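First the structure, which I've put down as structure tokens, then a few questions once you've had a look.
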Amino acid sequence: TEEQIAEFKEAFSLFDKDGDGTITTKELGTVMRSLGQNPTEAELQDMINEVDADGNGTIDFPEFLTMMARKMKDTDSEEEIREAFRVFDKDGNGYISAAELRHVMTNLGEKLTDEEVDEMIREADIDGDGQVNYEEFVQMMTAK
Amino acid sequence: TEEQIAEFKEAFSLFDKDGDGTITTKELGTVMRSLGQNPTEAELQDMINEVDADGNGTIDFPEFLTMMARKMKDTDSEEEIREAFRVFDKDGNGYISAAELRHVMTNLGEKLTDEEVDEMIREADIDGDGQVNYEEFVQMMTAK
Amino acid sequence: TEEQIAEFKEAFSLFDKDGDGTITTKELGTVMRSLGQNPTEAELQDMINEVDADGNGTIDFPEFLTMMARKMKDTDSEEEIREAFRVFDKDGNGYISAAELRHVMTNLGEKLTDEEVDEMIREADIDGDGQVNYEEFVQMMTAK
Amino acid sequence: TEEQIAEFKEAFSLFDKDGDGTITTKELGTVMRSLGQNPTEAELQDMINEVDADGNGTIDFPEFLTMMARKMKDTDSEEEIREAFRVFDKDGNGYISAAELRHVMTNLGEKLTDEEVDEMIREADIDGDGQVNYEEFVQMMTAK
Amino acid sequence: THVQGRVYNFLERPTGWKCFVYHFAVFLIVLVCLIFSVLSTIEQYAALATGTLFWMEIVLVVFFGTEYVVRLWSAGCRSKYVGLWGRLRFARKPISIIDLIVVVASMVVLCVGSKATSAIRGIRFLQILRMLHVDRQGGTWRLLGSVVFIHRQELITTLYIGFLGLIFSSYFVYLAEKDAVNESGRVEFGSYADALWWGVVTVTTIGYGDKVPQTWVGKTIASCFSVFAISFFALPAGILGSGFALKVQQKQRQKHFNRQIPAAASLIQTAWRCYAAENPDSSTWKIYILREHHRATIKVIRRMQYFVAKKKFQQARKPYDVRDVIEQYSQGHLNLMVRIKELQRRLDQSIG
Amino acid sequence: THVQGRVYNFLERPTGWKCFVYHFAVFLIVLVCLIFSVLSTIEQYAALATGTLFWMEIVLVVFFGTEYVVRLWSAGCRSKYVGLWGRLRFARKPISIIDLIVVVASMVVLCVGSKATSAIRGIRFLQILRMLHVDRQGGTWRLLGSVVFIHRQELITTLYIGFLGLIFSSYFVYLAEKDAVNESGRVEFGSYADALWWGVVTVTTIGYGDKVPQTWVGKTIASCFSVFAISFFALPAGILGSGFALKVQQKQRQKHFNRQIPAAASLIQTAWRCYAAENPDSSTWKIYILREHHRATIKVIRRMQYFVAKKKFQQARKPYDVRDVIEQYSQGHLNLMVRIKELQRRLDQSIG
Amino acid sequence: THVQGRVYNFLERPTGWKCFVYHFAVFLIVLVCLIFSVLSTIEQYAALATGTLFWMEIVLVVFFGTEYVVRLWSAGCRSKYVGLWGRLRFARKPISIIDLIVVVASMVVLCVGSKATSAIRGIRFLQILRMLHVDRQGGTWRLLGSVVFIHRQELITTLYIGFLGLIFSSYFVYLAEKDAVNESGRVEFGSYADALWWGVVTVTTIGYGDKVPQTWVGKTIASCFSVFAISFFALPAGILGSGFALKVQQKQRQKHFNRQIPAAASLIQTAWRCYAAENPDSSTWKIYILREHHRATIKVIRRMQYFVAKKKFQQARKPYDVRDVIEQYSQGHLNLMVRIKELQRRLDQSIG
Amino acid sequence: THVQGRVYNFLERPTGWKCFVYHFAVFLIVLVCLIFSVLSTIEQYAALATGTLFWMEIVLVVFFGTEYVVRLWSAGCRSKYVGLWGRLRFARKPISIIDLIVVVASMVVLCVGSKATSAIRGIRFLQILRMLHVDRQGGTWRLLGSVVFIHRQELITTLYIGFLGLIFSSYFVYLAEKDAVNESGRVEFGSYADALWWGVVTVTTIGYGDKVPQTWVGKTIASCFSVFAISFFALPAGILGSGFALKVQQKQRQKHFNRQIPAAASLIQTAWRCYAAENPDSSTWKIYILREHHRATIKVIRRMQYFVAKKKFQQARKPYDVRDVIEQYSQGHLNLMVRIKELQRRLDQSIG
């Protein structure tokens, strides 16, 4: 795992920039604004709380490694994504309309951009039927 | 109900005035002040919360249609109005004094104007005996 | 009880001054500062809450009458005062030392003045024993 | 004994410097800053709350005596320190690594100084094995 | 004027000590009648009790008829029971129906049977039926019914699974014990009906002992079934008892009755304003003082206010909960933020 | 001065291990006397137990007589029991009455019986009554009574409905089994009293088996009644157990005893200030430093403060709840808003 | 296709009153078949019930065979059951397996038995197996299983300790009663198997009475064991009932279904953005509009946002709790502090 | 180095699936031995089971003797069990004592009894005792004991009142039924011991039926006693079940294990700083950067900080409650007020 530890350390150093060994809310927000996201202080605190295990308010390298060591291909993650998709499933038959999916994606939550919403619809297209199947969507999302 | 949808869309456009497709607390308060109500921000948030279903903080046209599609002639609504009336029923015999009703209406809650309180008393008049029967009042109010 | 309603109305008018028919926190605090007590807003709200029944935030004449119609000679009130006295009862035999009672009275709660504390001790003196009986104290306090 | 009362009174006078007979958050913070600790108001309130029994917000001499009359050699205190040590015990065999102990001590909680951390490690050294036994540490800590 | 209400509060909704004494005396004399009916079935006490029964039943039928008439007259104090249709609305209630049936059948029995087995069977059943007269308001029945309805899914689940276990275990024990003969030469399990009777008696933890499995297979099946399926029949009592305790505990965190006065007044006012908005020439239109298009907006704002008032009245009638804390914090935080924003706006206006 | 209090704490409110050992020894000797009473009924052990009973009863009556006198003297440590009327107040308590009865009847029995059937029945019942002596403070009785009183409506509902079900099912089974004859030629259900006995034994899940329905109608009615009405008699145990568990859980969220010291001091001070306002020449009137008409206002403000102090003392003695959170947030929000208004007013006065 | 979905909602997820009536009628016909099966064992009703059984079973096997095929065709409305593999995935459910077994064994019985004891035993067991057909969704089984799994440690503890007490008490009573002979000359406790049978019957509070200890040692051991170890076998019912009541009470503090719409949308969006970050030429990279090293940072920030979205979706589906209050206060206090810091910074920048 | 830890985790604190399979196999073999012990008492199976018992007991005694030695060696992985005194401290545990007894008595039996009735009774009891070997950590016993200790007052109250009711009702029924003779000419209630046996069997809802009251007075007393005093014996199961459910519900509101890391570190640091303050030449005195009279103040401030750390560690290990909300609001309100005071002070200093 030489390459994995090397790239994780490089990513950690791209956030730290101080040599302290801990990533704080200020540093995370600084990098996010460098990317151009002007995140809220509450958002940054929520981002920090997940990675931070000890509870001191920062992120150490063991915490960074633990958070990078997770996987979205997990069965629980797949079930969670399916359950999130079932909120917009009206009939309950495992199908969601393309128009309703596009509206929800563009107008709720993170408010995805139109181009990436069309990219998702292209990926989640059952031969262009118009009533997309959201099970194969989660299948290829978690396939990685 | 195409005419009903047309009138509902007209009312929604009158509330919106922006063409965005959503009604916010700012727009609702603007219209209310245009009518001369100077409502509180907490009041506006409470008004928005009932109509807003998705939880995004605004009112879409489906939410406006759902809210306009409700009814006050419902049996549960009638029972709720009766239960509200029972709070001022001292005995429990279904009668409330005209003077007590007038005092409550003018001095509590929304603080109805004297003229509309007399209008209500005229509508709910049991031959001018002075002990109004509040069940007939709910009967006529829910009859619409 | 024509005389009783008479002096109750006189006291209510003395508290009101405005003639509206209600007593607010501002008016209560104004009178209290006229007496020289500069009460806190929280204290005034607590004082208003007990008397105010309807919940409108003020005190009407029926509420004033209801509050004035209570009694401290009640059995529940006597038991409450006894239970309050038992907090400072060490042995549990119904006796509290005069020195401990004086210290508690002068240094805790309302912080009674030394002169009225000596007046209380003179009233609650079982032949000058020095270990006052707090049951006869409550007995003659509730006698009124 | 009389010597204990005399020294406790001397300490109370050093904390008070006022002759009132009570120690407040302001006085405690003043002494702490005289030592050079710049404590927070929340920290001072937390310090006062433990010692203050009656609940008036200050510390009387009986409360000071009660607080000084405690001891860390208590069995419950020893069990509490052991339970605190078990949080950093990975295997559960009663041993904690010297490096992990040093890191936790320097980087968590009160953030002990390096010199006193080395002093602790010298005290808690089982013939320099490198995997210190935290049971004998608590044993000699609670010995005095 | 008030005499009708006073006698109605005496009879239908007793409160005080005089009404309690009256109702307790009625309960005692009804219980004495039931005890006499029980004694009438014994051989030695058959003649004495029956001889005493006639006068006691005549006195009771006259007293209960007079009290029924008085109660029906006094029902007009309320507003639902005013008039002829109100009286037949009062008579339609189940308790009034039972009261009428018990009296009319009592007179019929005393007028036909008096001048054999049925003539005393009917009177015994009628004095058994008189114990329902105690609960005038149906409070016990409503209290049981609310908790039963709330836990209906759990009750149905437990009953269904217990019934399945009973049926299957009874069949298996019947197969194991079909041909077995106990002492005294009697086949206890001669059919699946006998197996079902044994299963009911065993699963309800009664255990009469008239049917006991006697083979080792039957005893093993009975042991497992008794260990497991008995809890499925003891479950409803635990569910209902815990529910009752939870409601009693929730009764200690109820809001004061005076906290819903403003909410009820506001609900009535908002509902009436929504109603009066429907009148083009109403006097409720001068609150906002040519009004042509503002009416369509006002009729929507009033409906929204009515919905808010409904929410507030619903919340005012519930006990305290975490939702109350969350709503209170939301409102307080919004007000504080508005105040600090006003501070900023004033400062920028004044000093720039 | 403190000897009376020390012996009172030894006897009536034991604490430590010596008092516990003393009370345990008393309980063991009373239990041994009860076991000897049980053994006196057996034929072989009748003579030996009765012969041993005389000396044991003499020793116990002397010990309890001495200890009763010691306790009655020591009761004067308290304030309610000082003096002659205090001693007769102590003797009036139910536990002291039982203690006096057990001793006086013991001396009477030992002086009359020694110098037949009743002479032994009485002393057996007297040593049965000595088990009540264990609970000196009545803690178990009060703990049961509080929970029983709190859940009284549910208990009454369950008992009433179960009684109705028992009565009706017993009557129906009696009708179904009136003429049936079982094996050995005996009519198990010969009367409604027999049906009621069967119903009680069945609905309490005892099931002796001396009376069992033998017809198919009776068995079906018994099956339905056993399935349903048994839960109505098992309910009170569940209600009371869940209540006990809920109180025990509530004990873990109780406020510290020191949180009510300021509240109790404030209640005493406010009550005494209200009391002392009644004296025109009192020294409590100099707090407001002539004074002619301010008395009517002061006597009202003092009453309001007394009511507030009563509320605070009531709240200080309760466990934590959602009401505490709501009140704390209300006070904090009010204080913060007042502070921001002070900021605004100061800034406007200074620069505006 | 909407007809397929409509018939699927009619059959597998009924809602309304027509579907309830249909399912209730099916339940009644199955119950009537079970009653006929019970009556077939009785001697007098053996011939008539069996003669009625043939046509009833023919009608039921045809109806259930048609309905199984209709249901399996209608399963294609869902997405998991589309196609051949979807149909055989439907067929692997336990309820569908039971439905197929009941029908195929019915046809086998009608084709083989028609051409003994087995030929009627099979059909009798098959009409017992038809009562599982009522619960199509398995709701009762899932509701029981969730609560059983949650309290599994307590259930295992109670069962283990009760089993230990049963074993030890049975052995001790066997030792005490090994050689005793009761009336009628029969050794009730002839072996440890007999002692175990007595122990099971006693500890389950059944008490048939066919085995009762007859020595004083055995009676004392039985008394202590009955007093203590019976509660260990009554415990599971109390645990499960209190659990059921607690879940029912928790159902009243559930958040509205519309409150999780933004959280679900955010979870889907964050998961898809994490997925699309894996494509170097994706169109999700223009949100940040040259970009060479920012990819490693973006792929970490997106993962953190995905974890936050997962937490929010988890919290949105839970009932209200103290954690919600704590989180809300934390966010509000942070926002207020940030606003006051902004006020300070603005003032210092503007005026110095 | 780590092999001792791996084998200790395999034996004393199993986790995974291999250890579970091993322990399950041991449980099955012990259960098979118990079943063979049961079969050894039966006449036909006496020879075969006893003949098979010898080899199985030899195999088990060798296996358990080897495993005990392996476990005792492996105990040295922990710190409390290092060395000779650590090993004999391990041997003093009740479970290790039972394990040693089961093996040593097995060898003693195989060496003495093999070379009688006792020689089989002892081994039967020993392989009854082997079921305690399943619970290595005593988790079930501790789980029961904690809940029993928490509800001890309620359990004692219910047991005491039920015992009093049993004693008094048994005496009254004995008086009512002393001279009665049932069918077959046998006095069921011949003494107070017989009355007590009847009372225990009735109040525990077993109801064998060997003693039933036969007079009307006895039946009435039994009816009242069965209705009332039975709930007092069914109460402990309800109390304990509701307690278990309440703990299980409280398990869902527990704080994360990582939340107490800062609190534990702070507690250790504060305790060690209090300890090191006792050394005049310690290096903990340079935290304040001569120092002669400040030592008395420092040693008090450190003790106060240690007490605060103890409180924080106690609070960090508890589930969420209203106290957490109250403390959080208090701290947040204090911080906000301090910040607004800083705002006011800055404004007044800058502008006046």
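Note that the chains take the letters A, B, C, D, E, F, G and H in the order they are written out, and that residue 1 is the start of every chain.
In this text, contacts are C-beta pairs under 8 Å (C-beta built on N, C-alpha and C of every residue); 3 or more make two chains touch, one makes a residue touch a chain.
J.: Consider the two chain pairs C-E and A-G; indicate the one with the greater count of contacting C-beta pairs.
T.: A-G
J.: Thinking of C-F, which of A-H, C-E or A-G forms a repeat of its interface, with over half the contact pairs identical?
T.: A-G
J.: Using Cα averages as centroids, what's the distance between chain D and chain G in whole Å?
T.: Using C-alpha averages as centres, the distance is 52 Å.
J.: Starting from the mean Cα coordinates of chain E and chain G, work out the distance between those two points in Å.
T.: Computed from C-alpha means, the inter-chain centre distance equals 30 Å.
J.: Please compute the C-alpha centroid of chain D, do the same for chain E, then give the distance between them in whole Å.
T.: Roughly 60 Å, centre to centre.
J.: Taking each chain's centre as the mean of its CA atoms, how far is chain B from chain C in angstrom?
T.: Centre-to-centre distance between chain B and chain C: 44 Å.
J.: Indicate the residues of chain H shared as contacts by at least two other chains.
T.: In chain H, residues 193, 205-209, 234, 236-238, 240-242, 245-246, 261-262, 321-322, 325, 329, 335-336, 340, 343, 347, 351 touch at least two other chains, as defined above.
J.: Which positions in chain B are in touch with at least two other chains?
T.: 54, 56, 108
J.: For the complex, give me every residue of chain F touching chain D.
T.: That would be residues 258-259, 261-262 of chain F.
J.: In their complex, what parts of chain F are in touch with chain C?
T.: Touch residues, chain F against chain C: 5, 13, 77-80, 257, 260-276, 278, 282-284, 286-288, 293-294, 296-298, 300-301, 303-308, 310-311, 313-314, 317, 331, 334-335, 338.
J.: Could you list, by residue number, the parts of chain E that touch chain H in their complex?
T.: Residues 205-207, 209, 238, 241-242, 245, 325.
J.: Taking the complex as given, what residues does chain G use to touch chain E?
T.: Listed in rising order, the residues of chain G that touch chain E are 34, 37-39, 41-43, 121, 124-125, 128, 131-132, 134-135, 139-141, 143-144, 186, 193, 197, 200-201, 204-210, 233-234, 236-238, 240-242, 244-246, 248-249, 253, 320-322, 324-325, 328-329, 332, 335-336, 339-340, 343, 346-347, 350-351.
J.: Where on chain F does chain E make contact in their complex?
T.: Its residues touching chain E are 150-151, 153-154, 156-158, 160-161, 163-164, 167-168, 171, 174-175, 191-193, 196, 202, 205-209, 212, 216, 219, 223, 226-227, 230-231, 234-243, 246, 321-323, 325-326, 329-330, 333, 336-337, 340, 343-344, 347, 351-352.
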